[PDB]
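Scroll down for the structure; my scribbles are underneath it.
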Protein chains: 2
Amino acid sequence: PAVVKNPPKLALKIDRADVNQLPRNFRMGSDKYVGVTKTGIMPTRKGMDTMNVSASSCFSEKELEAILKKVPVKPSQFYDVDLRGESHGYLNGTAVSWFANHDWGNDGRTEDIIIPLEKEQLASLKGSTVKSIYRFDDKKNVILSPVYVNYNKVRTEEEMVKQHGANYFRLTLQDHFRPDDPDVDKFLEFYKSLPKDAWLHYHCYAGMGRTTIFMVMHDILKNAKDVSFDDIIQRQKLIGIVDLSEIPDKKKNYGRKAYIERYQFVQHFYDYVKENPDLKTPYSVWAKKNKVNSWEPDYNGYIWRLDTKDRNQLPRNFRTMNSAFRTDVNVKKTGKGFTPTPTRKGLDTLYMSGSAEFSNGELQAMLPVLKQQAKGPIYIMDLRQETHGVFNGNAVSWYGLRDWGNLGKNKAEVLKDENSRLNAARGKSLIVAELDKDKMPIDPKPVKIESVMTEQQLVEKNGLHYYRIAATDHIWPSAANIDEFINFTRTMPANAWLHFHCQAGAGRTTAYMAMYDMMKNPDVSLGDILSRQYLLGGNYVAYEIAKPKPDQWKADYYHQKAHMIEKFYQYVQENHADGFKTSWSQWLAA
Amino acid sequence: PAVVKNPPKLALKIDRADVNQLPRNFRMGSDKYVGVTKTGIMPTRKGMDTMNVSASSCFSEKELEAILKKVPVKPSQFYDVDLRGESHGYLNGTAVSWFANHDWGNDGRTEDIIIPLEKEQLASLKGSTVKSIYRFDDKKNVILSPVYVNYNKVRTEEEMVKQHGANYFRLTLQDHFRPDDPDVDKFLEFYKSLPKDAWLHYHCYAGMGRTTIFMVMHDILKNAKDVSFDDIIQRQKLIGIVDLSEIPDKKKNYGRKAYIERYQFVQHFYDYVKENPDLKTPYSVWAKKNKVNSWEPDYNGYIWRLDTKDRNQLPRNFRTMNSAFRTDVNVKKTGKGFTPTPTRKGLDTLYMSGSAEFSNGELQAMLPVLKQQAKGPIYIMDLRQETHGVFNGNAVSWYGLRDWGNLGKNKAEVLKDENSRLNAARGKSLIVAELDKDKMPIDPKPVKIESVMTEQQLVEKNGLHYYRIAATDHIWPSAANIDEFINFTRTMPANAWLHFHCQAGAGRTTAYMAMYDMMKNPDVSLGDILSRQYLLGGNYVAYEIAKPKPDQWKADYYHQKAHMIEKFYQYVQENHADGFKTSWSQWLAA
């Protein structure tokens with residue numbers, strides 16, 4: 001096969017053809033030493049025979065059978081530890097994956113985006129039994145001219161391994177680098193919970209880098225108290241093929257730094273198991289305490305942001321289902337299915353409005369407009385996970401990088417944080433600033449906080465009702481959050497009017513309005529729903545970034561929304577009849 | 001101007017046209033804040049007043065004048081701290097440099113190779129008066145279309161600066177990376193040695209990256225006990241541009257790691273200054289102690305290598321100045337001036353021979369041949385810096401990476417180490433192995449060491465005289481080692497026969513034989529001497545690698561030999577008259 005001259009950014013290619021044999025670089029913790037150390041003295045073998053571990057490059061289905069046959073245990077005691085962060089899966093028994101230069105197909109992505117993206121990429125292959133798939137050169141690490149592959153099974157590595165009665169565990173590690181502290185913590189949690197008779201098999205693509213890191217971690221976990229670090233490093237070289245302490249002249253600049261960083265990492269890991277036999281205190285906490293921690297971003301709040309100043313007029317992006325379509329249309333900000341002329345039916349019976357956050361004056365201005373249109377209990381649906389409130393009549397919020405100050409907290413932890421911080425601000429002199437295009441404060445100056453109340457106190461004091469859903473800014477609403485919404489609609493009053501809002505009244509606000517709209521009008525088309533919600537004043541829920549520039553971190557999140565809003569529409573179609581007896585979370589299990 | 005579609009690997013380009021003005025990104029530790037921090041809160045300015053520091057991008061000669069005229073001190077209290085590792089210089093008042101992708105013109109070179117390489121690169125321009133010099137786009141860091149530059153003077157940044165009465169200090173740092181621990185030590189030593197009214201000006205190419213790192217170090221050094229780490233990081237951004245704590249979304253994989261590594265480095269530097277206000281413990285020592293040290297190779301010996309087995313025959317590459325030229329001559333192994341038919345003038349009376357190391361048996365076979373051609377006392381000149389000796393009749397050495405086991409040691413320390421290790425091995429049983437092409441031991445098996453002696457004891461026991469020069473393997477002999485040799489020849493008998501040897505009989509051996517040949521025969525040209533010495537069985541001293549692969553670390557050292565051998569020649573021509581009154585070191589300094 002010839003080398004592809006103009007390879008695409010991301011190309012699906014063959015990893016391993018289905019062959020009956022042990023996979024490349026297969027090896028066991030009890031194998032004999034091959035070759036010699038630089039001194040010519042063999043390192044001790046102490047503890048090697050009882051580690052119950054193997055490792056290899058990635059494997060085709062038939063190669064996995066050979067492994068299961070070969071290892072001295074039953075599939076139920078076998079755990080496949082999948083270390084690849086790049087997207088991969090199986091066409092029948094053939095292993096495949098999406099390749100980008102340096103095997104950085106999912107470069108910079110987090111696990112919560114990688115696992116779902118991969119599921120989708122594999123899903124896009126189902127429903128066909130023939131596909132053009134590039135070939136690959138292992139030594140030159142480049143893609144080669146394609147060949148058609150016939151198949152009738154598309155599986156993730158987990159589905160495939162489970163179907164042979166074995167276990168599975170994934171880590172989405174970028175090729176060429178040591179794992180970050182959070183992944184080490186995730187791995188140690190998995191390892192601490194295993195049955196004492198478990199057999200771990202590590203693999204990545206080639207079977208050397210990442211896999212050697214983990215074979216050394218395993219060895220350290222089993223024998224650090226009895227064997228030295230240098231002996232562990234050398235014996236893993238002798239039964240595998242990589243010596244982690246080796247920094248070759250071949251490696252320069254960037255590459256060289258990654259080799260050094262991975263070698264220092266296993267040294268820190270060694271020192272960790274050595275000073276913490278019980279693995280009680282987390283690796284990340286230990287590393288942090290000893291200043292050898294890896295870097296992670298911090299999303300915690302650091303500044304009171306002014307969301308909107310008290311003024312007497314409607315809030316930004318305000319709209320009702322009885323509002324006129326917009327004038328400032330821009331098709332470049334729309335997406336799949338946007339017609340400039342949606343049906344607009346069911347809208348008058350849809351008692352729903354939406355807007356950006358509101359201050360005290362903006363809320364006064366809304367009451368008359370809503371009272372005149374409403375025909376039942378009016379609810380303000382606050383969709384903000386971030387801590388926010390009211391300072392001297394102005395809407396403020398505790399802002400952290402990416403507005404993710406409460407990421408990871410449950411609803412109750414959010415409320416406790418919210419009540420706590422707002423209170424701690426009462427009466428003090430604090431900076432409350434508006435943020436510019438780059439999120440830096442504008443002409444910040446301290447100000448005395450006279451009054452402080454939650455948005456709920458402000459809403460109820462004005463005779464409206466209130467319901468909080470702590471949805472994270474910039475992302476598709478979580479499964480639990482969408483269900484908390486559907487549940488709420490089960491028991492809500494008769495002709496309840498729902499006014500949705502987040503920080504700007506675009507992202508979360510429009511996604512929920514669109515979903516509510518679909519629930520009440522399963523006769524309208526997904527395209528019409530999304531189009532009307534955008535024409536009214538929200539954004540286009542299915543919008544995607546055309547040409548993703550480097551600094552556009554939202555790209556994958558927009559894509560995730562585009563995909564899930566359509567999955568929601570299909571949930572409404574198959575479950576509204578029942579009255580949604582099947583919850584969205586349950587339905588997702590299909 | 002326009003971008004070049006295919007620039008040469010290394011391309012000479014313009015850094016700064018000569019203009020009368022402050023250089024870009026010029027700033028002073030006393031400047032005022034511009035912009036805000038993310039919290040809206042400004043960091044204290046404590047100590048920023050008395051740092052006596054400035055920074056900027058690289059500058060043209062006129063821009064240096066603008067700086068000197070601008071700072072509040074006289075040229076004599078001014079220190080230009082040049083952080084550029086890339087080769088740079090001046091054509092008249094215009095700054096120029098040799099550019100390679102990512103500005104890694106000298107990627108992986110040590111300061112010992114760089115400073116002289118740069119001097120030779122700049123010298124290569126001397127003589128000519130016109131040069132087509134590529135232009136350069138700062139915003140995209142790409143080589144643009146060439147212009148014709150006319151100059152009458154070529155200078156190093158050091159020569160240009162001192163001519164303006166200022167002081168100069170260089171650190172050869174690679175762009176994009178934090179400084180390594182040994183470079184930090186070298187900086188701390190420079191720093192500790194300064195008068196207290198010194199003005200330090202830092203610059204790299206753009207005035208950011210490397211420069212920001214040292215602006216932050218400088219601040220830390222002057223105010224660590226009074227200002228927090230976070231404040232120094234923020235206030236340095238307010239007067240400069242770059243915020244070191246910022247890891248931007250646009251930085252991925254390799255790039256992102258570098259940003260992180262530099263930010264962690266200034267944090268460790270901060271802890272170090274905090275804990276060592278007196279800067280007594282070197283940074284590297286402290287870093288190793290705390291396990292936050294940067295990685296460096298270990299050249300220490302670790303295995304007894306079998307240099308040459310006790311056999312009865314002349315040693316490898318044996319040869320005399322009465323010998324017959326080689327039959328297997330290879331021109332790909334020669335170089336500038338290789339006549340395949342060089343003179344013979346002054347040879348029959350040079351009284352010189354050479355060869356690889358030798359064991360007991362090979363010395364024996366050598367005596368008869370020498371004692372027959374020698375018309376005076378025979379001296380064995382052992383040119384090995386590495387610790388070696390004789391085990392059970394076999395020539396062995398204590399081999400460390402690159403055979404640099406005694407790197408950085410003086411003659412006395414080398415002999416002390418040699419006696420210690422050789423004696424320590426007597427009686428014991430251990431590995432003495434021969435090495436393969438990868439320097440790994442071939443079939444390592446322990447052996448009992450019955451007898452042990454130094455090469456000196458072996459030589460003197462056989463009635464020959466012994467002299468030792470500790471020359472480092474693979475490189476051009478040091479100025480001190482060359483002078484130690486000249487001095488020896490001035491005190492030896494006029495009929496003395498010198499037999500040089502190293503471990504292979506090629507590198508060090510031929511360079512010294514060639515230098516001696518030139519000293520006795522100032523009449524014959526370099527080419528004759530070098531070819532003559534190659535034909536006789538040595539190697540070509542001016543040999544260079546044609547298409548050097550990334551794994552051939554020796555390329556730059558061969559280049560250095562080819563350059564210094566010619567310089568030595570010019571030393572003879574100008575000093576053979578008075579009998580070398582001025583030493584090679586003294587001359588070199590000119």
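In what follows, chains are A, B, ... by sequence order, proteins preceding strands, each numbered from 1. Excluded from the calculations below are hydrogen atoms, water molecules and symmetry mates; all remaining heavy atoms, backbone and side chain alike, are included.
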Chain B contact via A/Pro444 - which portion, at a heavy-atom distance below 4.5 Å: side chain
Structural part of B/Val36 lying under 4.5 Å from a heavy atom of chain A: both
Sole candidate of A/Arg402, A/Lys554, A/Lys549 that passes side chain to side chain contact (heavy atoms under 4.5 Å, CB included) when paired with B/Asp249: A/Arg402
B/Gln264 side chain vs A/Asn293 backbone, donor-acceptor pair below 3.5 Å: yes
Over all atoms of both residues, closest heavy-atom pair of B/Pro441 and A/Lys38: CD-O, 3.4 Å
Proximity breakdown for A/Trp295 and chain B, heavy-atom pairs closer than 4.5 Å: both
Contact class of A/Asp271 relative to chain B, heavy atoms under 4.5 angstrom: side chain
Portion of B/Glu261 that has a non-hydrogen atom of chain A nearer than 4.5 angstrom: side chain
Region of B/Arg305 in contact with chain A, defined by heavy-atom distances below 4.5 Å: neither
Chain B contacts, top residue of A/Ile247, A/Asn253, A/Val292, A/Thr37 (heavy-atom pairs, under 4.5 Å): A/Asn253
Interchain contact, B/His102 with chain A, by part (heavy-atom threshold 4.5 Å): neither
Straight-line distance of A/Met440 CE to B/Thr39 OG1, nearest 0.5 Å: 8.5 Å
Enclosure of B/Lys428 NZ (heavy-atom neighbours >12, cutoff 6.0 Å): no
Heavy-atom neighbours of B/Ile241 CD1 exceed 12 at 6.0 Å: no
Exceeds 12 heavy-atom contacts within 6.0 angstrom, atom NZ of B/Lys288: no
Toward chain A, the part of B/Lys257 with a non-hydrogen atom under 4.5 Å: side chain
Nearest-0.5 Å distance, NZ of residue B/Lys250 to CD of residue A/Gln552: 12.5 Å
Which of A/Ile41, A/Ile260, A/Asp107, A/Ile431 touches chain B most, by non-hydrogen pairs under 4.5 Å: A/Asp107
Mutual orientation of the aromatic rings belonging to B/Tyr254 and A/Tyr254 [parallel < 30°, tilted 30-60°, perpendicular > 60°]: parallel
Side chain / backbone / both / neither for B/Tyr399 at chain A, heavy atoms under 4.5 Å: neither
